[PDB]
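Chemist: Experimental structure and sequence below, a few questions after.
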Amino acid sequence: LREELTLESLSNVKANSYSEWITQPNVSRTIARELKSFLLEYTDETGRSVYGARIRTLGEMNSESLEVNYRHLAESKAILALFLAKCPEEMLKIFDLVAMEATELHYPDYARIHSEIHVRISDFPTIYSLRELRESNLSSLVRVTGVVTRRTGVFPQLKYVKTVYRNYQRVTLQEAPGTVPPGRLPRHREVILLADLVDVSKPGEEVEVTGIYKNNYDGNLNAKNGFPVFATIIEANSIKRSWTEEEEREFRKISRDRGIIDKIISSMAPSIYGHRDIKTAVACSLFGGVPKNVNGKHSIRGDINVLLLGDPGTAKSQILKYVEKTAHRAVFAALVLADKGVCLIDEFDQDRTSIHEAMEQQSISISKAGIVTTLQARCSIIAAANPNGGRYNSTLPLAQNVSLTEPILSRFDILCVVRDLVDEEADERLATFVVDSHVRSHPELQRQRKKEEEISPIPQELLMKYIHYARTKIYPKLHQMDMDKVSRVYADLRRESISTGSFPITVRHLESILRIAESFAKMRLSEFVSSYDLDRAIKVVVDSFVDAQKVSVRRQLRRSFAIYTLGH
Amino acid sequence: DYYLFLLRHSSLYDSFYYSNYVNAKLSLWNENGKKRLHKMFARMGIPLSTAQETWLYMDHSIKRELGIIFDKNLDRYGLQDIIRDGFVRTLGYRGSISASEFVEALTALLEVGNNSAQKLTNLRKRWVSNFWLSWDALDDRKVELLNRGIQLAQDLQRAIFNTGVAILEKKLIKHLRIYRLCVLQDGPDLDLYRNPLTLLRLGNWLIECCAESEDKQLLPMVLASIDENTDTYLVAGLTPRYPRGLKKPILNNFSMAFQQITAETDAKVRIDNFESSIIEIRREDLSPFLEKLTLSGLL
Amino acid sequence: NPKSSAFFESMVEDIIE
Ligand SMILES: Nc1ncnc2c1ncn2[C@@H]1O[C@H](COP(=O)(O)OP(=O)(O)NP(=O)(O)O)[C@@H](O)[C@H]1O
Ligand SMILES: [Mg+2]
């Protein structure tokens, strides 16, 4: 009762098992005193007691979970770490009851905010996949990794058996495909999430879990297998998966330099040679414009949509894979998952019908059995296609080379055609670059730095951070001076289109020009569009419009349009 | 009664957050200030999601315990001056109001109630209708209008705060040797400062901030705002003042200074307001006027 | 107690700052 053990007295487990030793009153009181003495006293090398600084922020966020690193608990009072690894279900009860004392020392009457606090363990120093688990692991703490395959809804559950409840949710976890050995199927396990941990993860995420490994009787398993076979589950204890002023100043430094637009385009898709216009269009789509709306009868999207007609093997699928790794959020082939992101299509009636609705709208609506509901698309579409068989025909307009309705070609902001042209010098350049890249990739720090800086003019980590910063912070606008010239150019282009008997230029093209100019302003972190932005946007759209036409019309257009496609 | 902005309407959290005194005491224009407020409510034992509930519907127990909770906690934040006594009125079953809340409702109704000479005449005529929109609210039979006044007061303080943070974070205050100068060249909507009372509310925000930010240099301050229709700056000259808790009064000397520069100057200017500390001047003439002003010994 | 002073210092810095 009154007397307490020394820490050295705990070195000898005196009962027949660990659990029956931890649960004794004098041992338990000793452990409680020692844990409280650790939590009030552990330090950085700089002093600066970390847990006194964490409890402080627990109340600043009105939170419920205190987080403890295992390495700190192993760095002093090692026996408590050993007992925690062996008997988590007991040790964590004592530790939670100590954590409440420590928090009330900062914030008296915190019990009125939350009645009970949970300790979360981090950095447990050994890991298993779902292969290595065996019966010896039962009731031990484990650390596991995988992909979350399926998730239930959240429900309340009765806490005690006057009443009290807690939140509950189950998650199915599967081995990551990179970990699975060759020629074997992946394994599965199911995880239980309680009060603070529900909806911490989403289906398809790759996730890391710490918790107790636990089992129970199940009648159906016994009945079907015909042997006394128990079922097992994991009870999670913790689950795992911005910028400074220095980054902002660095971004602004590079943006202040001349030619930053060209350098960003050059950094785009380093492994692919040539095809600068495709890289330009992809960069413009990833940065995008600004959305606008006028409740008097009109709305304008900020997203930029691009379509690429590809000869066989002209790098299309590689740049889509590159964009998939570059972009913040994306879908590859579902438009709900592409919300405020980029959507990627590499090959191609109901699918096309869905895309017809998606290009007309920015939000999707559906009804079924009298139910009615709505969803958001709000995304930029990058698509590629094979031109109606083995090879494109340049003598014909674009419609002859595609399996698309006319409004699709109207509503795509940018159209482009890529062809396997014949040139000895280009072939030699391609072949030299290809074998050079092949050698540079061979499995057989300084080597990496040289390789990286030869690969690109911008480090791509900085470029991804820069794209995210620009997308979240920069919102450009037009300047009202040169817009008279834009209107005159629009009228001139329409007059020339009619004069040669071309299909006419339209308001959609003018809108696309303004949107692309906004994107060009965003690329250099400029809140103003400028004359050169309008010039570049005009060149892109005019050249794209010219590429869609028949050959005789193409010659008349380029002869007249020389003062836009090349001059300004 | 508490020097908290409209306590018995909106919520307890908003009462602290928009208080003109609290902003000077805890520096709420930045996150290192806002976190102090979260920290306070956590120590006081009030769950933060209840502090944001509408004060009428907030739980009865907190309502009656609040008077003791403040005695135990405001000292640790240097914030004891919040406590004071005031007058409260109630009529039948429709609930209490204090005089401090009432005057904010009336002033809000004055501010926002609903070539160059004609536009100035239209504006000055619109401002006179609000006198009757406030006069008719002094009648117990017309509480409906008073509630509208309160709804307008909240939006006015919101818009003021969202301009004050921009002034401080971009460091637009220019620290001249004799006085402090600030000029608003642009804003989210700069029209709200075209009325004198709104301009004085913004000035009174900045003055508390300047009074508490350093112990040194109690200085006069000048504040100005441009108008795109007149191309004239509306200018006001403001005194310092001593903190709440601390002995003759000081006097506003901008009157004689503006009068003397007006008597001397080439500049195109207007002086017709009852409060002579407020003047108006055309766009190009602001800098020579202020140059002659700072060159003068009258400041 | 001197060893636990760093904890109480982190608590008191809320008073100071
Ligand atoms: N710079 C390059 N230019 C062209 N091809 C390249 C280049 N570098 C690599 N390749 C290879 O050429 C192909 C690039 O085009 P890609 O579209 O990815 O092939 P593909 O998908 O098989 N053709 P397709 O099925 O019609 O899309 C791949 O097989 C690449 O490995
Ligand atoms: Mg391909």
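Modeler: Received the coordinates, thanks. Residues are numbered from 1 along each chain as shown, chains lettered A, B, ... in the order given. Ligands and ions are numbered 1, 2, ... in the order given.

Chemist: Please identify which residue in chain B comes closest to ligand 1.
Modeler: Residue of chain B nearest ligand 1, by CB to the nearest ligand atom: residue B:31 (47.1 Å). Using the backbone N, CA and C atoms, a C-beta is placed for each residue, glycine as well.

Chemist: The one residue in chain C that gets nearest to ligand 1 - nearest residue in space that isn't next to it in sequence?
Modeler: Minimum separation of chain C from ligand 1 (CB to the nearest ligand atom) falls at residue C:10, amounting to 56.5 Å. Using CB to CB, 6 or more residues apart in numbering or on different chains and skipping residues adjacent in sequence, the residue nearest residue C:10 is residue A:52, 3.9 Å away.

Chemist: Now do the helix or strand hosting that neighbour: which elements does it pack against?
Modeler: Assessed by DSSP states H and E, residue A:52 sits inside helix A:50-60. Contacts defined by 3 or more CB pairs under 8 Å, 6 or more residues apart in numbering or on different chains; DSSP states H and E place helix A:50-60 against strand A:65-69, helix A:88-106, helix B:31-44, helix C:5-16.

Chemist: Make TSV out of the ones you listed and add mean neighbour count and distance to residue A:175.
Modeler: As requested, the helices and strands packed on helix A:50-60 are exported to TSV (neighbours: other CB atoms under 10 Å in any protein chain shown; distance: least, CB to CB, whole Å):
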stretch	mean neighbour count	distance to residue A:175
strand A:65-69	17	27
helix A:88-106	18	24
helix B:31-44	17	42
helix C:5-16	15	43
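
Chemist: Using CSV, lay out the ones you listed together with distance to ligand 2.
Modeler: As requested, the helices and strands packed on helix A:50-60 are exported to CSV (distance: least, CB to the ion, whole Å):
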stretch, distance to ligand 2
strand A:65-69, 46
helix A:88-106, 51
helix B:31-44, 48
helix C:5-16, 58
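
Chemist: Distance to residue A:142 for these - can I get that in JSON lines?
Modeler: Shown next, in JSON lines, are the helices and strands packed on helix A:50-60 (distance: least, CB to CB, whole Å):
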{"stretch": "strand A:65-69", "distance to residue A:142": "17"}
{"stretch": "helix A:88-106", "distance to residue A:142": "10"}
{"stretch": "helix B:31-44", "distance to residue A:142": "35"}
{"stretch": "helix C:5-16", "distance to residue A:142": "32"}
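
Chemist: Can you say which of those is nearest to residue A:449?
Modeler: Set against residue A:449 and scored by CB to CB, these come closest in strand A:65-69, at 32.0 Å.

Chemist: and the residue nearest to residue C:10, how many residues sit next to it?
Modeler: 24 (other CB atoms under 10 Å in any protein chain shown).

Chemist: I'd say the residue of chain C closest to ligand 1 and residue A:56 touch.
Modeler: Yes: the pair residue C:10 / residue A:56 is scored as a contact, 6.1 Å apart, by CB atoms under 8 Å.

Chemist: Skipping its backbone neighbours, what lies nearest residue A:164 in space?
Modeler: Closest residue to residue A:164 apart from its sequence neighbours, by CB to CB, 6+ apart: residue A:158 at 7.8 Å.

Chemist: Dig out what the one you found forms beta bridges with.
Modeler: Beta-bridge pairing for residue A:158 (DSSP bridges): residue A:165.

Chemist: who are the neighbours in contact with residue A:44?
Modeler: Going by CB atoms under 8 Å, 6 or more residues apart in numbering or on different chains, residue A:44 touches residue A:50.

Chemist: measure it to chain B for me?
Modeler: Using CB to the nearest CB, to the nearest Å, residue A:44 is found at 21 Å from chain B.

Chemist: Kindly report the same for residue A:131.
Modeler: Counting by CB to the nearest CB, the gap from residue A:131 to chain B is 45 Å.

Chemist: before we move on, what about residue A:278?
Modeler: Residue A:278 is 40 Å from chain B, where distance means CB to the nearest CB.

Chemist: wait, isn't that residue in contact with residue A:415?
Modeler: No: in this structure, residue A:278 is not within contact of residue A:415 by CB under 8 Å, at 11.6 Å.

Chemist: ok, the spatially most central residue of chain C - contacts?
Modeler: In chain C, the C-alpha nearest the mean C-alpha coordinate belongs to residue C:9, at 1.2 Å (CA atoms, centre = their mean). By CB under 8 Å, 6+ apart, the contact list for residue C:9 reads A:49, A:52.
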